[PDB]
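Those letters in the first sequence? Residues 144 to 203, by our numbering.
For every residue, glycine included, the Cβ atom is placed at its ideal position computed from N, Cα and C.
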Amino acid sequence: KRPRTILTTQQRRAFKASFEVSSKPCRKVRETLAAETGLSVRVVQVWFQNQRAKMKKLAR
DNA sequence: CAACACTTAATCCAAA
DNA sequence: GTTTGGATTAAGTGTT
Numbered sequence: 144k145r146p147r148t149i150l151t152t153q154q155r156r157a158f159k160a161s162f163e164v165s166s167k168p169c170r171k172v173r174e175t176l177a178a179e180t181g182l183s184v185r186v187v188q189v190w191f192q193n194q195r196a197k198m199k200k201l202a203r
């Protein structure tokens, strides 16, 4: 395994913000989010994946 | 169709 | 001695 991630507020601010606009960001966006936050692209993809399921279950 | 790309639902697993 | 979410795995779908 690889070590798991922890986020700056400024970084989470960034992710939470972009999710406000598309729940399903395309790759060229994910790419920008990586550069912005200094993170890997995969992390971006899974954070969106995880916050998506979080919401589908609340609306049950 | 070949050849990859991406989602979804469920789960593992460690940090909080 | 519970709650939160990040990462992983095995099902799907979608794009080109």
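Between the Cα of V189 and those of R170, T152, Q153, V164, spot the shortest distance and give me the residue it belongs to.
Position 46 of the first sequence holds residue 189. Nearest C-alpha to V189: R170.
Consult DSSP for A196 and reduce its assignment to one of helix, strand or coil.
Taking the first sequence and counting its residues from 1, one reaches residue 196 at position 53. Helix.
Return the first residue and the last residue of the alpha helix (DSSP H) that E174 is part of.
If you number the first sequence from 1, residue 174 lands on position 31. Start and end: 170–180.
Kindly indicate which three-state DSSP category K144 falls into: helix, strand or coil?
Counting from 1 along the first sequence, the entry for residue 144 is found at position 1. Coil at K144, not helix or strand.
May I ask which residues mark the beginning and end of the alpha helix (DSSP H) holding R155?
The residue you call residue 155 lines up with position 12 of the first sequence. Segment 152–162, the alpha helix (DSSP H) holding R155.
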